[PDB]
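# Working through the structure, step by step
Take a look at the letters that make up each chain.
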Amino acid sequence: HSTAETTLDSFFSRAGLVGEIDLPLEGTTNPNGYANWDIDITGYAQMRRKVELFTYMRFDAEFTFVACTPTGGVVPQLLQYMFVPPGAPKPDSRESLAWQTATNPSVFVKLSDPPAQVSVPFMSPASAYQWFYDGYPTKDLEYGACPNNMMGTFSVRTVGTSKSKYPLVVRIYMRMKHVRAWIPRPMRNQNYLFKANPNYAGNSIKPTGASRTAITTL
Amino acid sequence: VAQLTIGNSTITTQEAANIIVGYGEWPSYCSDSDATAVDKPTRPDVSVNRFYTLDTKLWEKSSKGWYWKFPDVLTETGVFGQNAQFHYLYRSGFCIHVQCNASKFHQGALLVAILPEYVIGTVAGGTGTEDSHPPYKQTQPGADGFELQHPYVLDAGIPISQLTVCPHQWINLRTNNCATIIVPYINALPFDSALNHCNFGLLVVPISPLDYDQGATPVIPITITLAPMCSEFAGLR
Amino acid sequence: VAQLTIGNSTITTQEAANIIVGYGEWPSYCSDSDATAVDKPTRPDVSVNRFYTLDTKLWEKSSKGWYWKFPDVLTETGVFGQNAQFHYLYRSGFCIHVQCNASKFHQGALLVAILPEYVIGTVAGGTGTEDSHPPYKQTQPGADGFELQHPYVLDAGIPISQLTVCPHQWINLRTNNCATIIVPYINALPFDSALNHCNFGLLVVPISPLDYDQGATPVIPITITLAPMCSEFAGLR
Amino acid sequence: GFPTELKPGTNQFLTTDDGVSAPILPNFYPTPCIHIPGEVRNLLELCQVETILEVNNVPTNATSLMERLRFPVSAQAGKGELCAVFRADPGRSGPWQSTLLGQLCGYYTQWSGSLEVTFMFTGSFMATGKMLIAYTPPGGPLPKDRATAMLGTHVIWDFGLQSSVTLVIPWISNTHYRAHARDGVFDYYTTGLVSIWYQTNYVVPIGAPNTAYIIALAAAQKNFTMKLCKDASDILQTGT
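Structure determination for this PDB entry was carried out by cryo-EM, with a resolution of 8.8 Å recorded in the header.

The structure is reproduced here in structure tokens:
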């Protein structure tokens, strides 16, 4: 019965899959053996609903990178995951001098080696992130969108001058730690429409939960 | 809001409204003398001390009222039903808790009371010429209770106009809903049968008829939850 | 004569013959550290601590011997069978007691022993070319045990000529009958599954063949009675 | 070199396991946190907040969902009539799903504690009468009629007097494991049963609304627990 499983850190812990990069040898998606992933903790489906229980949050995260082949095979390919601190520019080519700039923390690891993990501190220049922003950050509709909440950008890529020899799939897991929440708000009860705002189906409004026949009949 | 949790049960009842303790006595076990002096009666503290929530009855603009008979009501469903069936002698206090889920757009008043040795009496035929002692349905109405046919005379020629002279509590919708009564063991014997003699009866009558402007759920659910305080049994079978 | 009574059971076993305590350790609960540190494992002292008396096996002039697998043997019959089924993790010591009802006109000797992680191995086909891991009948032979097919190699290429290197006790008819062994929890994990991994096996083989001059009951009953010492479980389902 | 032997679990990644790993930005000093009013430290704080219990969870129509918040009482109903009835199942589907308590439980596998439903009469001021709220612990089906219902724990509520009564549910334990179709979730079993009855008919003077509504507010008591996490959430994030 220990009320410890109901804390905030015990509610928001656990490494969840938030990203899945894909470097097919040949095809459409990521045709340059590299891709840019913007840290988005909603990469985990049911996470949005959860964090959105509060108005202000603060936390750190431990990202883990489980990469393999689509088959699930291990291969002797060396990778480089780079981190783009919100504010610095991201790579655009397979050798944009971006991967070169030190102020962009990179971490080389082979697929042979166990998953790579690193910790991103609470970025935001604010006191805390905030899932809601009732205004405009002083043409276009810039409502509800809160600026400084950007945690950064991970840029995965196969080390080396030439393309990779095998197809690769990098899965990105992130567990948030040391959490502080504020201003609890009602629990979402209408399906989500966009990752952006809280819009909902303006006719397809369903009841918070299942319904019955008569109020007297159980 | 504050949910009481005594057993594998968890009723989310009000924080602590007003409860009428019956005849001013908390049900207790026993000193050291009974209908068994060389027979130390085991006191079920195990699963015999949890919350039981009887099938909610629906209150209509026309309900005449209902009643249950203790200890019978539970000898049915429950591990307390297990005890009352496999044991000879019995002594146990109680604690009933009647709740009413309705809206501020409804209205009514329920008189909830405990009446020791509640002996029923049917029509006695039709007009009054048949010594027909009420069915085994009115003497022990299981855990689903039974309806009053003549609420005014409580089915026993006694006027309900005076029922308040028993441990009672009112449930006026515009003022509350939950009502509680702690019943102590009331009998002319320390240890009595828990299967044939019903120590008492719980009545719950609509004194001020239920009502609602048309369009509101017409039936308000009355949820009776009870807890066996200080069960006692002697000799198993 | 003196009958031990620990539970709603009452075995009329000898006063107090000799019992071999396994690996020299009385089965106990646990210090304060396990496969559960924020999960205080409830310790069934209720009906999980009584006497169980397995269906007596009949010893013939030809019985090859029998064996049971713990904790499996009881996950079947019993409230200890209730626990082992509705719980995830498990840790429990034991205490087996094998009795033999025979007359001074019979003769034989049984080697009774406890062998941790008793992994069986069938014929492997017939001559030896089939990686057929023994049936679900030899890995967990319920509460009725299972017979050895090759007593000499205990069904696992190990010589019984050396089985005494385990907690054992002899049962020579001309000298006794009842034999006892207290088994402590032996595992490479504090809390292990009580449904898939069998902490050990109890063997009971006729080393000196049963015999009787013609005319005596040819089958001597071997009664195995056991008591779960210090049961422990974690998280119900 | 100092002697080491590696134990199983080496090179292993456990999603729950929480040791550590270096900071991607060593010298970064995360803008200090200032003071934000009303911080939460344990969801259980929330589980004790009263939230509207949709006891009247019948109208499903789109433009009626607002009625689910309250049930009604009126002149049409006569003494004894059963007004409404629901179960003490903070977890499971039903009227509790509207409450914050309920919604949180869904994010948990098992629990136990005492509950606390409150009933608010919103009728006229001139309205009077008695309603009989009654709880029937697990087992004993919903009382046959009002009478028998009263012989067990109940509370006669009188709005003529106090315009808001609170009922305490002793204890509900959603721990009695089960295995329905395939969703072997620890089924309540311990479904208490709250029923509200018309103790007296609805009484009002000439000039007042001959029908009122009652709002229900639930919440768990102090002694509430929650064990095991379950991210069951039908409302999921969708890519634009």
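As a further point, take the overall build of chain B. Looking only at helices and strands, one finds two helices and 15 strands in chain B. Whereas a compact globule of 237 residues would reach a radius of gyration of roughly 18 Å, chain B reaches 18 Å, a difference of no more than 12%. Expressed as lengths along the three principal axes of its C-alpha atoms, the size of chain B is roughly 65 × 55 × 30 Å. Classification of the 237 residues of chain B by burial places 57% in the buried group. The long-range share in chain B, meaning contacts at least 24 apart out of those at least 6 apart in sequence, stands at 84%. Carbon and sulfur atoms provide 56% of the accessible area of chain B, an area that totals close to 9,300 Å². A distance of 4 Å separates the average location of the 12 positive side-chain charges in chain B from that of its 20 negative side-chain charges.

Take the overall build of chain A next. Each helix and strand in chain A was counted, giving two helices and eight strands. For chain A, the succession of helices and strands along the chain, N to C, is α-β-β-α-β-β-β-β-β-β. Across its three principal directions, the C-alpha atoms of chain A cover 70 × 45 × 40 Å. Carbon and sulfur atoms provide 55% of the accessible area of chain A, an area that totals close to 10,400 Å². Between the centroid of the 21 positive side chains of chain A and the centroid of its 16 negative side chains there is a distance of 5 Å.

The next thing to look at is unusual backbone geometry. Cis peptide bonds are those with omega within 30 degrees of zero, and the linkage from B:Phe70 to B:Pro71 qualifies with 0 degrees. We note that C:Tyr23 has phi near 50 degrees; this positive angle belongs to a residue other than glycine. Tracing the backbone shows C:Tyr23 in the loop between β1 (19-21) and β2 (52-53).

Bringing the interface of chain D and chain B into the picture now. Contacts between chain D and chain B engage 117 residues on the former and 107 residues on the latter. Linking chain D to chain B there are zero salt bridges. Between the two partners, chain D and chain B, sit 216 residue pairs in polar contact. The residue makeup of the side of chain D that touches chain B, split by class, is 68 nonpolar, 39 polar and ten charged.

The subject of this paragraph is the pairing of strand β6 (residues 130-136) of chain D. Residue and element names in this part refer to chain D. Counting buried residues in β6 gives seven out of seven residues, a clear majority hidden from the surface. Residues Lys130, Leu132, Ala134 and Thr136 of β6 are buried on one face, and the alternating residues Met131, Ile133 and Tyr135, pointing to the opposite face, are buried as well. Direction of pairing for β6 relative to strand β9 (residues 192-198): antiparallel, over a ladder of six bridges. Of the residues in β9, the one forming a bridge with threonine 136 is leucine 193.

Moving on to the nonpolar core. Of all hydrophobic cores here, the largest spans 170 residues; its most connected members are B:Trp59, B:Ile171, D:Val73 and D:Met131. It is strand β8 (residues 168-184) of chain A that provides the largest number of residues to this core, a total of eight residues. Among the nonpolar cores identified, the runner-up in size contains 37 residues, and C:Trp59, C:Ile171, C:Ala179 and C:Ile222 belong to it.

Side-chain pairs of opposite charge can arise where the charged atoms are in close proximity. Residues and elements named next belong to chain B. Counted by the stated rule, this structure contains 23 salt bridges over all chains. A salt bridge links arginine 43 to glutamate 232, with the nearest nitrogen and oxygen atoms 3.7 Å apart. A residue pair is termed long-range when its members are at least 10 positions apart, and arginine 43 in the loop between β2 (19-21) and β3 (52-53) and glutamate 232 in the loop between β14 (220-226) and β15 (233-236) qualify at 189 residues. Under the relative-accessibility criterion, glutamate 232 is labelled buried at 1%.

As a further point, take the sheet that holds strand β11 (residues 192-193) of chain C. Backbone hydrogen bonds are what pair the strands of a sheet, in a parallel or an antiparallel way. All names here are of chain C. The strand order across the open sheet formed by three strands is β11-β5-β14, and the pairing between neighbours is antiparallel. The strands lining the two open edges of the sheet, one partner per strand, are β11 and β14 (233-236). In terms of strand pairing, strand β5 (residues 87-90) meets β11 through two bridges, oriented antiparallel. Pairing of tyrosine 90 across the sheet is with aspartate 192, part of β11. Set on the sheet, helix α2 (residues 79-86) makes contact with β5 and β14; between it and β5 the angle comes to about 100 degrees.

Now for the side chain of B:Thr175. With respect to the element layout, B:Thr175 can be found in the loop between β10 (168-172) and β11 (179-182). A polar side-chain atom of B:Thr175 sits 2.8 Å from the main-chain amide nitrogen of D:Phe159. In this structure B:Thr175 touches D:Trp157, D:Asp158, D:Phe159, D:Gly160, D:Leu161, D:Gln162, D:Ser163, D:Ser164 and D:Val165, once residues within four positions along its chain are discounted.

A word on the environment of B:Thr164. All names here are of chain B. Within the secondary structure, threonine 164 is located in the loop between β9 (146-147) and β10. Residue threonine 164 is classed as partly exposed on the basis of its relative accessible area of 34%. Spatially, the C-alpha atoms of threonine 164 and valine 112 are 8.8 Å apart, while their sequence positions differ by 52 residues.

Quick look at the arrangement of the chains now. Considering every one of the four pairs of chains in contact, the largest contact total is recorded for chains B and D. Considering only C-alpha positions, the minimal separation of the non-contacting chain A and chain C is 8 Å. Between chain B and chain C there is no contact; the minimum C-alpha to C-alpha separation amounts to 11 Å.

Applying the stated rule across the entire model yields 48 aromatic pairs over all chains. Grouped by ring-pair contacts, the aromatic residues B:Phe70, B:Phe80, B:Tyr90, B:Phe94, B:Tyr185, B:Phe200 and B:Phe233 constitute a single cluster. A cation over a ring is seen here: D:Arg70 above D:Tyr213, with NZ or CZ 4.0 Å from the ring centre. Between the NZ or CZ atom of D:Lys144 and the centre of the ring of B:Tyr67, over which it lies, the distance is 5.2 Å.

Turning to the environment of B:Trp68, a few remarks are in order. Note on placement: B:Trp68 falls in strand β5 (residues 66-70). Residue classification places B:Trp68 among the buried positions, given a relative accessible area of 0%. Sequence separation between B:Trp68 and B:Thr42 is 26 residues; the distance between their C-alpha atoms is 27 Å. Side chain to side chain, B:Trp68 and D:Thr148 meet in a polar contact 3.4 Å long.

Residues and elements named next belong to chain B. What the three strands build is an open sheet, ordered β12-β6-β15; its pairing is antiparallel. Every interior strand has two partners, whereas the edge strands, β12 (192-193) and β15, have only one. Against the sheet, helix α2 (residues 79-86) touches β6 (87-90) and β15, its axis set at about 100 degrees to β6.

You can see D:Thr191 is positioned in the loop between β8 (164-174) and β9. By relative accessible area, which is 13% here, D:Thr191 ends up buried.

Residues and elements named next belong to chain B. Taken as a whole, α2 has its buried residues at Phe80, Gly81, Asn83 and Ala84. Seen from one end, α2 has its buried residues packed into an arc of 160 degrees, which puts them on one side. Packing partners of the buried residues in α2 comprise β3, α1 (72-75), β6 and β15.

Let us look at the pairing of β8(D). Residue and element names in this part refer to chain D. A large share of β8 lies buried, amounting to ten of its eleven residues. Relative to β8, strand β5 (residues 108-121) is paired through eight bridges, and the arrangement is antiparallel. Counted as the bridge partner of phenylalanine 119 is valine 165 from β8.

All right, on to the state of the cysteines then. Residue and element names in this part refer to chain B. This structure, assessed with the given rule, holds zero disulfides over all chains. Here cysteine 30 stays free of any disulfide, with the sulfur of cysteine 230 as its closest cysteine sulfur at 11 Å. Owing to a relative accessible area of 25%, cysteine 30 belongs among the partly exposed residues under this scheme. Here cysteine 95 stays unpaired: no disulfide links it, and the sulfur of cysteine 230, its closest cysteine neighbor, is 11 Å away.

Calculation criteria
Residues numbered from 1 in each chain as written, not as in the entry; some residues may be left out. Chains lettered and ligands numbered in written order. Part of a larger assembly, values for the part shown. Heavy atoms only, no water. Helix = DSSP H or I, 4+ residues; strand = E, 2+ residues; numbered from the N terminus. Rg over C-alpha atoms; globule rule 2.2 N^0.38 Å. Buried < 20%, exposed > 50% of the residue type's maximum accessible area, 1.4 Å probe, protein only. Contact = heavy atoms within 4.5 Å. Areas by Shrake-Rupley, 256 points an atom, 1.4 Å probe, with all protein chains shown as cover. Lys, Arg positive; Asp, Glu negative; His and termini not counted. Charge placed at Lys NZ, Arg CZ, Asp CG, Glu CD. Salt bridge = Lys/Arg side-chain N within 4 Å of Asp/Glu carboxyl O. Polar contact = N/O pair within 3.5 Å; in protein donor to acceptor, adjacent residues only side chain to side chain. Nonpolar A, V, L, I, M, F, W, Y, C, P; charged D, E, K, R; others polar. Pairing = 2+ DSSP bridges. Core = buried A, V, L, I, M, F, W, Y, C linked by side-chain atoms within 4.5 Å. Axes fitted to C-alpha atoms, helices over the stretch in contact; angles between N-to-C directions. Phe/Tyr/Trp six-rings, centres within 6.5 Å; stacked < 30°, edge-to-face > 60°. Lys NZ or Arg CZ within 6 Å of the ring centre and 35° of its normal. Arc of directions from axis to C-beta. Disulfide = S-S within 2.5 Å.

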